[PDB]
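Data block below; observations after.
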Amino acid sequence: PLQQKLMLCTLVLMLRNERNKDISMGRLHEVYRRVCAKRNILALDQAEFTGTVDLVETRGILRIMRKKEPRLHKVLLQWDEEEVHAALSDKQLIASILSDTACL
Amino acid sequence: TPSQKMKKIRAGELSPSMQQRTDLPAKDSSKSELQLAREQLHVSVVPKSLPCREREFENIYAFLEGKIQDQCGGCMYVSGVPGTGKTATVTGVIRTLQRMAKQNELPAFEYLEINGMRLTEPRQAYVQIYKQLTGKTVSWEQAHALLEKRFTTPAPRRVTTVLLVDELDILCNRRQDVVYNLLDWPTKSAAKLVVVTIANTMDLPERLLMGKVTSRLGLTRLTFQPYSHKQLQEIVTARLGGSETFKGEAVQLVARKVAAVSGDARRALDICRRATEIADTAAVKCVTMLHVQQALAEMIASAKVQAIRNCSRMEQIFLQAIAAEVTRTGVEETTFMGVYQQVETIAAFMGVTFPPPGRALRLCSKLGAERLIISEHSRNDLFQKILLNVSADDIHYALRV
Amino acid sequence: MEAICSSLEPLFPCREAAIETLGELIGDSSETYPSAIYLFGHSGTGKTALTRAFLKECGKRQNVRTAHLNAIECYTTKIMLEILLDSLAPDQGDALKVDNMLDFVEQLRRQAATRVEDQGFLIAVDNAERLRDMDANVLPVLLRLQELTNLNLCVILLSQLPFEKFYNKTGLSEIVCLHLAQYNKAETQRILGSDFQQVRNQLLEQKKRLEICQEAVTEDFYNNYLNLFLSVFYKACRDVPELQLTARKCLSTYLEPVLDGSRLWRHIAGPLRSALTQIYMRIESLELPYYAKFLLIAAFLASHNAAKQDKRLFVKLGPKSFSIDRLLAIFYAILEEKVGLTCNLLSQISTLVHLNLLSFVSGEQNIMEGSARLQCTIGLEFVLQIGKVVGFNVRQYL
Amino acid sequence: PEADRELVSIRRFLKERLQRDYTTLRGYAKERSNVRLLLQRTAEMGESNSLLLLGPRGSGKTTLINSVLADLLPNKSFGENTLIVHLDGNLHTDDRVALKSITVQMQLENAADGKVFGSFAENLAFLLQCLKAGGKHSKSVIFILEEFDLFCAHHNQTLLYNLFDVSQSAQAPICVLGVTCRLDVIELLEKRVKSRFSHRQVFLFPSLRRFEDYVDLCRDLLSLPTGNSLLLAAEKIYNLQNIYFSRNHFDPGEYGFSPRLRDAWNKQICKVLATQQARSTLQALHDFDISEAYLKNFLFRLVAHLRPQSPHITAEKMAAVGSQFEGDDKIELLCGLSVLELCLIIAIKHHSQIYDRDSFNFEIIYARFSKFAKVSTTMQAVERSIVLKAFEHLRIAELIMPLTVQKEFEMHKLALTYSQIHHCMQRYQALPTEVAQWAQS
Amino acid sequence: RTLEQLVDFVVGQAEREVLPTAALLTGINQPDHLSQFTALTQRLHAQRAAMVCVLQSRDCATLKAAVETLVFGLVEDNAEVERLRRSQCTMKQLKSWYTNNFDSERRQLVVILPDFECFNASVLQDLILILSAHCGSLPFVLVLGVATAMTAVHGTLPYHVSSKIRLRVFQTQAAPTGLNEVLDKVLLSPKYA
DNA sequence: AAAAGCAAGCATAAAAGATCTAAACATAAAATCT
DNA sequence: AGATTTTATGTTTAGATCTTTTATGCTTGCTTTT
Ligand SMILES: Nc1ncnc2c1ncn2[C@@H]1O[C@H](COP(=O)(O)OP(=O)(O)OP(=O)(O)O)[C@@H](O)[C@H]1O
Ligand SMILES: Nc1ncnc2c1ncn2[C@@H]1O[C@H](COP(=O)(O)OP(=O)(O)OP(=O)(O)O)[C@@H](O)[C@H]1O
Ligand SMILES: Nc1ncnc2c1ncn2[C@@H]1O[C@H](COP(=O)(O)OP(=O)(O)OP(=O)(O)O)[C@@H](O)[C@H]1O
Ligand SMILES: [Mg+2]
Ligand SMILES: [Mg+2]
Ligand SMILES: [Mg+2]
């Protein structure tokens with residue numbers, strides 16, 4: 001699904017650009033909304049974004065460490081980016097997201 | 001006396017009836033065509049032959065037919081994201097096998113089934129499997145002992161038994177005794193059990209099952225991929241029949257905006273029903289594309305900007321000052337004291353007075369009950385921590401445009 | 001609603017506004033009640049006695065069923081529900097049984113009757129600050145018990161805290177806040193002077209002194225004495241029961257020159273400034289064994305002298321932590337007699353710990369492993385008194 | 001006196017309307033129409049639906065559900081072909097309590113006079129077997145789960161997974177209907193439970209963000225209705241009582257005002273609400289919280305003050321209740337303290353202003369107080385024990401809170417802004433001038 | 001002598017809100033005083049003036065356990081003067097038992113607390129507030145056993161708790177005086193060989 | 001130059017916080033005694 | 001054909017467990033006064 005592709009590309013971008021791999025669901029969603037705004041496509045709300053990240057979690061691509069609140073849950077990537085790039089199979093899009101440093 | 005009722009219930013000798021309607025259900029011929037599409041589009045109406053799941057049907061059918069005809073037993077693990085036609089395909093394969101065994105083209109077989117979320121405890125599956133055999137309700141220890149006496153001991157003429165197990169991850173727990181028994185019974189030669197296990201996560205045997213349980217679960221596996229842009233259109237146009245009550249672009253927009261989110265088929269069959277209900281109140285008989293756009297905007301809702309615009313003016317000043325303190329201090333978690341100081345600054349700018357802090361705690365409690373912000377219990381005032389739950393740009397989008 | 005306020009006002013001087021507000025909100029039982037009322041104030045403000053007298057007068061005069069509670073008593077919610085339904089469902093006997101919050105709501109729903117009889121219910125919960133420390137579904141249900149039970153009941157709550165302390169993460173229903181202000185000096189003088197006939201009768205039952213008192217114990221005399229008492233005692237406390245229980249003893253000292261033949265203020269102002277130092281103490285030298293005295297002053301030096309100064313004092317913020325071996329080392333350094341390490345000495349260490357003369361700031365689980373940390377908890381003047389009785393001059397080592 | 005009793009009838013009427021009007025619903029046309037057509041399709045056509053009422057606390061969600069049920073129940077079709085199961089998240093704190101309540105309210109064979117037999121597992125198995133045994137010929141259940149977000153917190157969300165799954169299955173036509181205040185309740189759900197949920201959602205934001213709607217609401221809440229409206233309202237309430245709140249509802253036929261009395265009352269209400277003072281009080285009240293429960297609380301405190309000597313509402317009465325609402329309640333506690341505790345709070349404010357909100361201690365505050373008390377020429381006589389009991393009196397009012405060790409050395413935090421202590425310095429009665437000078441420096 | 005003064009204090013409360021309470025400044029030698037409190041229970045039972053519970057610190061780690069041992073001690077002490085489970089001995093059951101028995105006649109409900117220094121502070125303050133809540137309905141008397149001094153009583157009782165206390169101080173004789181009395185009248189007696 | 005004194009660093013451990021489970025407690029089915 | 005332990009069972013609460021996170025303390029590595 002396209003929203004799962006955008007979520008995986010923003011997670012790969014935030015993991016590449018930042019030394020601190022403590023990514024929260026809210027800190028990821030705030031970048032994902034800016035990426036969807038620059039792609040000129042409608043973004044999901046946080047209540048749907050949490051279910052989208054939970055559906056990506058079933059594939060084993062991620063692991064969510066639960067916390068007291070849904071915004072505070074910690075996404076943790078469990079594939080290397082060289083596997084994530086071959087899994088997304090949309091290199092023209094990942095080349096656009098990973099060259100989009102200004103939206104972080 | 002109640003004890004005779006409970007004994008007749010636990011012995012299974014009274015069927016659990018439900019009360020019937022006083023009035024008869026309405027006849028089919030009085031229905032409108034749009035109502036006929038609304039009832040064909042219900043998610044409970046499983047088709048007799050599922051569109052776009054033929055390959056998985058051949059896979060589960062070849063596995064179950066080989067395990068039944070060889071009289072050997074074994075296990076399978078099917079998995080996939082919810083709404084992708086797992087349980088419907090497995091029950092369709094089992095109904096096809098029962099229709100074939102009824103005509104003596106196949107050996108006869110028993111079909112037990114359980115579900116891991118209908119059980120309060122993992123061990124209660126022992127109560128239920130035995131309840132699909134004898135029909136008696138007994139304690140789980142006696143049921144486990146009778147199930148071991150049934151499966152470990154060769155008793156011709158034993159018939160093949162297929163134990164479908166939905167919701168396998170709920171049955172796990174720490175000891176993993178129940179799933180070990182359910183996967184260890186097929187390995188014995190005396191039991192002809194063929195257990196199929198449905199679950200969501202692809203990596204479940206490696207993620208949370210033990211090494212011997214994963215070794216018993218085997219390497220035969222099947223994954224139900226999410227429905228694409230096209231398969232979701234084929235499903236809904238199969239549900240509608242030959243009716244033209246839905247525009248083809250409307251079904252195409254439903255499928256295009258549902259497959260981009262999840263690939264769930266229940267979301268498409270619910271959005272099409274809501275589009276039918278929206279077209280019904282407009283007194284049109286065709287579901288034109290703007291009815292689908294309204295149903296999509298309703299069922300993929302994003303109503304937080306409406307909540308910030310509908311807040312009282314002091315709550316809007318509070319929502320501005322929390323984001324102002326987040327921008328000022330940098331860290332995302334703010335104490336109530338600096339939030340109140342920024343509140344006094346913004347209220348001095350706008351000219352309205354602000355309520356004293358005992359009423360500002362009532363405003364913070366209202367925003368924390370509405371989940372616009374995350375906030376602690378109010379007993380530790382001025383030092384309670386106030387996370388902002390809504391994004392900071394949504395507040396300016398609500399209070400500017 | 002008029003008869004209740006008329007019957008409570010003589011008992012409660014300077015509370016006509018609070019009694020008027022309570023008799024407007026929950027006076028008449030035929031009128032519907034607010035869903036919850038929260039009156040609050042300081043200690044001594046008279047809220048427990050006011051809600052008790054109000055609930056008693058409403059239950060005697062009208063059809064209401066009253067239930068008073070103390071929320072400290074309800075360590076579990078089942079205790080509160082059983083007492084609340086023992087009072088709101090009278091004469092149920094020992095057959096009464098409440099499992100949870102749902103059974104309480106159902107059995108209170110059974111108590112509804114016809115509108116002709118105009119019945120009402122009232123629930124007062126004193127010490128309501130404890131309601132936020134328990135099951136976190138008791139307080140939200142208590143603030144909407146009227147909507148839940150479909151029944152004409154108000155849930156009064158009583159605490160020393162504002163309702164801003166009571167909000168939780170899930171929010172709360174509306175409540176009618178009410179404030180019991182503490183009295184100023186004039187209303188406190190009117191309250192202390194409102195019991196004048198009782199103390200006058202108490203003197204007249206207790207014989208030249210009887211006529212010389214009854215000819216000179218009139219209302220202006222008690223008012224001038226209460227002015228002389230509140231001129232010194234109002235600075236320390238506004239607490240009305242404490243002012244009563246001190247003012248009676250101070251009158252018992254004050255009255256003597258009148259019985260024995262201004263011209264009074266200095267003779268009482270001697271003792272009156274002595275009673276001011278004994279305020280809050282409600283009253284109507286620690287002998288120790290010798291080696292326990294040396295152990296206690298050694299623990300005081302261990303907690304008062306810091307770890308670095310022992311090497312300079314003995315080789316020959318808060319109180320500091322000290323390990324037990326540091327205590328034994330300072331004890332052997334100050335002892336200058338060297339007794340053996342018998343069982344009785346370490347037993348004295350443990351029984352000084354048990355008397356709260358020492359404390360366990362940490363450790364606890366491993367006293368014997370040497371990881372335990374003790375902390376001396378006495379003042380310096382007791383140590384100087386022990387050093388006077390012993391003959392060990394403590395101030396040399398400080 | 002007749003005029004003494006008409007005011008008592010008006011006051012009992014207005015109080016009973018502000019407290020017990022469980023079915024009247026102002027506003028929400030399309031949302032109530034959605035809920036009503038959904039329950040009507042579940043009762044008639046046998047469709048298995050689900051719904052989730054959402055919105056801020058104080059908006060009419062429970063009142064909307066009671067209005068829809070009150071207009072659907074006396075139809076003698078919805079009442080005969082549909083049984084209703086209320087559940088509440090505050091009372092049903094565990095899945096087994098909610099399950100025994102479901103078994104009682106559906107009148108299942110194992111219930112028998114309100115005492116369900118069997119275990120939690122046997123109750124779940126008998127309930128699911130009764131629901132699987134039904135069909136379109138069986139009666140429709142309508143579950144109504146108030147405080148749905150607390151039902152999301154139960155173990156495995158297991159009851160929720162059953163209640164949605166019957167709605168997803170060809171069994172008994174049930175209609176799950178959550179009602180909750182959280183706007184993000186749907187991300188609390190497990191992905192299986194979220195999949196079986198039908199994502200239709202009804203947000204009930206109040207329609208009176210405009211001030212003129214708030215003034216019209218406050219006018220309609222105080223006006224006496226026309227008597228033919230009392231006849232139609234009593235007719236509808238009698239229709240819902242011939243067949244739950246109906247034992248103690250409004251019943252507006254008990255009160256029947258004369259036309260001159262209703263005319264004089266509505267004239268006085270319009271004249272009061274046309275004034276600038278009452279509009280300024282309602283403007284401050286609307287600026288704080290717009291929700292109707294807040295206005296009904298203010299109006300109950302207003303209507304409760306109608307003594308026979310003063311029949312009329314006036315703008316000064318609304319201004320008095322509004323001045324009661326807006327006042328800080330910690331300054332009113334600080335003014336009740338004796339001068340010793342006020343000197344202790346002034347020493348705490350000095351230690352906080354100097355050390356920039358560092359945590360203090362009883363010893364530091366007693367030293368800072370004694371440095372003033374040695375030259376105060378009125379505070380020389382206090383013992384250390386009296387200052388310690390005054391510090392504990394500050395601590396039990398939660399004007400001082402522990403950082404979460406001896407009681408005299410425990411660290412603490414002031415729970416006050418400096419402006420609250422500064423307004424206590426002006427509101428205090430009979431403050432000695434030495435303390436008023438020491439507070440400035 | 002101190003026994004007669006304590007018994008007169010309990011009977012004077014029986015002749016008659018704050019709970020009356022009697023601090024007893026006893027010595028450091030805590031085990032010896034159980035015979036003193038036992039003699040107090042023997043005198044109060046012999047006069048039929050009161051019924052006595054004794055609250056050891058080992059039995060009262062929490063407020064629930066303190067209330068359970070208090071009610072269980074009062075009911076079983078009355079049963080022993082002339083067995084419910086400890087889960088159900090609520091203070092409401094104590095009020096119902098006192099109304100079923102002694103409302104027709106008033107026995108005091110003395111609650112000895114021999115080891116006052118060993119108590120948890122929060123449990124003791126909550127118990128004093130609970131016993132003060134029931135005054136008038138249930139006549140409580142709270143004698144104590146303070147091994148140290150009255151400054152410990154004024155320290156562990158806060159402003160709110162001491163607002164509901166009307167304590168009176170009795171003093172047991174010093175331990176060295178008792179040693180000197182035993183050594184002169186027993187170990188130096190002519191009559192022992 | 002000798003031994004007490006301030007940053008550094010990993011480490012047992014301590015809070016905690018959810019979480020799962022074992023035993024104590026309430027309770028129902030049932031042989032047993034009358 | 002009815003009362004009594006007897007026993008098997010389900011619930012609930014206290015304790016074991018998993019996990020994060022935070023901290024004092026154990027040791028180190030300089031650091032610096034006498
Ligand atoms: N390929 C399909 N063709 C037609 N209808 C479908 C198809 N897939 C799913 N559906 C509809 O969607 C529903 C999906 O139910 P199903 O039991 O297959 O979900 P599931 O994958 O088992 O979900 P979960 O994993 O959450 O249990 C079915 O009732 C069916 O009506
Ligand atoms: N206005 C008054 N007139 C006469 N007596 C009063 C008044 N106010 C208080 N009292 C007296 O105060 C005594 C007890 O006060 P009360 O216990 O009600 O205070 P409280 O607020 O309950 O204290 P706490 O909050 O500490 O429990 C009563 O005996 C009562 O006589
Ligand atoms: N639209 C409305 N029409 C009529 N009365 C309303 C409306 N909105 C709110 N009220 C009034 O608000 C008060 C509380 O409303 P209600 O009980 O419906 O809130 P609620 O939905 O229970 O909130 P929550 O469920 O969050 O507690 C009621 O007295 C009711 O009269
Ligand atoms: Mg399934
Ligand atoms: Mg009180
Ligand atoms: Mg509600």
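Naming works like this for the structure tokens: A, B, ... for the chains as they're shown, residue 1 at the start of each chain, ligands 1 onward in shown order.
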
Practice item. Please identify the residues whose atoms come within 7 Å of ligand 4, using only C-alpha atoms (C1' of nucleotides) and all ligand atoms, and report them as a list in words. Key: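 Residues lying within 7 Å of ligand 4: residues 86, 87, 166 and 198 of chain B.
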
Practice item. Using DSSP on the backbone, list every residue of range 205-349 of chain B that comes out as helix (DSSP H, G or I), and give them as a PyMOL selection string. Key: chain B and resi 205-207+211-217+231-239+248-259+265-281+289-299+305-309+313-329+336-349

**Study point:** Residues near range 67-76 of chain E, cut-off 9 Å, only C-alpha atoms (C1' of nucleotides), skip fewer than 2 positions along chain, as a ChimeraX atom specification
**Key:** /C:73 /E:51-55,59-60,62-65,78-81,83-91,93-94,97,109-111,127

Kindly assemble as JSON lines a list of the chain C residues that lie within 8 Å of ligand 5, each paired with its nearest atom pair and their distance in Å to one decimal, using only C-alpha atoms and all ligand atoms, sorted first by chain and then by ascending residue number.
```
{"residue": "C:43", "atom": "CA", "partner": "ligand 5", "partner_atom_place_in_ligand_line": "1 (Mg)", "distance": 7.5}
{"residue": "C:44", "atom": "CA", "partner": "ligand 5", "partner_atom_place_in_ligand_line": "1 (Mg)", "distance": 8.0}
{"residue": "C:46", "atom": "CA", "partner": "ligand 5", "partner_atom_place_in_ligand_line": "1 (Mg)", "distance": 7.5}
{"residue": "C:47", "atom": "CA", "partner": "ligand 5", "partner_atom_place_in_ligand_line": "1 (Mg)", "distance": 6.4}
{"residue": "C:48", "atom": "CA", "partner": "ligand 5", "partner_atom_place_in_ligand_line": "1 (Mg)", "distance": 4.5}
{"residue": "C:49", "atom": "CA", "partner": "ligand 5", "partner_atom_place_in_ligand_line": "1 (Mg)", "distance": 7.5}
{"residue": "C:126", "atom": "CA", "partner": "ligand 5", "partner_atom_place_in_ligand_line": "1 (Mg)", "distance": 6.2}
{"residue": "C:127", "atom": "CA", "partner": "ligand 5", "partner_atom_place_in_ligand_line": "1 (Mg)", "distance": 6.8}
{"residue": "C:158", "atom": "CA", "partner": "ligand 5", "partner_atom_place_in_ligand_line": "1 (Mg)", "distance": 7.8}
{"residue": "C:159", "atom": "CA", "partner": "ligand 5", "partner_atom_place_in_ligand_line": "1 (Mg)", "distance": 7.9}
```

Practice item. Please provide as JSON, numbers by chain all residues within 9 Å of residue 32 in chain A, with the sequence filter that same-chain residues fewer than 2 positions apart are discarded (counting only C-alpha atoms (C1' of nucleotides)). Key: {"A": [6, 7, 9, 10, 11, 27, 28, 29, 30, 34, 35, 36, 37, 43, 103, 104]}

**Study point:** Of the listed residues C:41, C:140, C:120, C:261, that which approaches ligand 6 most closely, counting only C-alpha atoms and all ligand atoms
**Key:**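 Among the listed residues, the smallest separation from ligand 6 belongs to C:140.
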
Mind running chain A against chain G at 12 Å and telling me each contacting residue's nearest atom pair with the distance in Å (one decimal), counting only C-alpha atoms (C1' of nucleotides), chain and number ascending, as a tab-separated table?
```
residue	atom	partner	partner_atom	distance
A:65	CA	G:20	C1'	10.4
A:66	CA	G:20	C1'	10.9
A:67	CA	G:20	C1'	10.1
```

Write the selection just made, keeping C-alpha atoms, as a PDB file, in the first residue's frame?
```
ATOM      1  CA  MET A  65       8.052  -0.901  21.663  1.00  0.00           C
ATOM      2  CA  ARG A  66       4.820   0.029  23.428  1.00  0.00           C
ATOM      3  CA  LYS A  67       4.607   2.942  25.860  1.00  0.00           C
TER       4      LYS A  67
END
```

So which residues touch residue 231 in chain C within 12 Å, counting only C-alpha atoms (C1' of nucleotides), skipping near sequence neighbours fewer than 3 positions away, as a short mmCIF file (atom, residue, chain, number, x, y, z; two decimals) with N, CA and C atoms, in the first residue's frame?
```cif
data_model
loop_
_atom_site.label_atom_id
_atom_site.label_comp_id
_atom_site.auth_asym_id
_atom_site.auth_seq_id
_atom_site.Cartn_x
_atom_site.Cartn_y
_atom_site.Cartn_z
N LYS C 185 -11.24 37.68 63.25
CA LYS C 185 -11.14 37.78 64.70
C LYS C 185 -12.47 38.12 65.36
N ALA C 186 -13.32 38.90 64.70
CA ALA C 186 -14.58 39.30 65.31
C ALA C 186 -15.58 38.15 65.34
N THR C 188 -14.73 35.01 65.23
CA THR C 188 -14.19 34.03 66.17
C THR C 188 -14.48 34.43 67.61
N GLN C 189 -14.48 35.74 67.90
CA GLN C 189 -14.86 36.19 69.24
C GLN C 189 -16.33 35.94 69.51
N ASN C 224 -14.64 40.82 77.23
CA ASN C 224 -13.35 41.47 77.44
C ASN C 224 -12.24 40.45 77.67
N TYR C 225 -12.54 39.34 78.35
CA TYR C 225 -11.54 38.29 78.52
C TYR C 225 -11.21 37.63 77.18
N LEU C 226 -12.22 37.40 76.34
CA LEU C 226 -11.95 36.82 75.03
C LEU C 226 -11.20 37.79 74.13
N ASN C 227 -11.40 39.09 74.31
CA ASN C 227 -10.58 40.07 73.60
C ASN C 227 -9.13 40.01 74.05
N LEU C 228 -8.90 39.89 75.36
CA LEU C 228 -7.53 39.75 75.87
C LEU C 228 -6.90 38.43 75.45
N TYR C 234 -4.57 34.82 68.51
CA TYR C 234 -5.01 34.75 67.12
C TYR C 234 -3.86 34.75 66.14
N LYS C 235 -2.69 35.24 66.55
CA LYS C 235 -1.51 35.23 65.69
C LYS C 235 -1.03 33.81 65.41
N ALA C 236 -1.20 32.89 66.36
CA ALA C 236 -0.70 31.53 66.19
C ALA C 236 -1.70 30.60 65.52
N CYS C 237 -2.99 30.79 65.75
CA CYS C 237 -3.98 29.88 65.19
C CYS C 237 -5.32 30.59 65.05
N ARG C 238 -6.05 30.24 63.99
CA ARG C 238 -7.44 30.61 63.82
C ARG C 238 -8.36 29.42 64.07
N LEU C 243 -8.83 27.13 70.09
CA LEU C 243 -9.06 28.35 70.85
C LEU C 243 -10.04 28.13 71.99
N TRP C 265 -5.03 42.12 83.45
CA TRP C 265 -4.33 41.73 82.22
C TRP C 265 -2.90 41.27 82.47
N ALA C 269 -1.44 37.70 81.72
CA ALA C 269 -0.48 37.79 80.62
C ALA C 269 0.85 37.15 80.97
N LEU C 272 -0.60 33.62 80.11
CA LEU C 272 -1.11 33.59 78.73
C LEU C 272 0.00 33.44 77.71
N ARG C 273 1.18 34.00 77.98
CA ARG C 273 2.31 33.78 77.10
C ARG C 273 3.02 32.46 77.38
N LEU C 276 0.76 30.04 75.22
CA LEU C 276 1.03 30.21 73.80
C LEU C 276 2.14 29.29 73.32
N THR D 378 6.76 41.16 67.13
CA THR D 378 5.47 40.54 67.41
C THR D 378 5.56 39.02 67.30
#
```

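Going from CA of residue 357 in chain C to CA of residue 117 in chain E covers 9.7 Å.
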
**Study point:** Residue nearest chain C among B:70, B:121, B:376, B:148 (counting only C-alpha atoms)
**Key:**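 Comparing B:70, B:121, B:376, B:148 against chain C, the winner is B:376.
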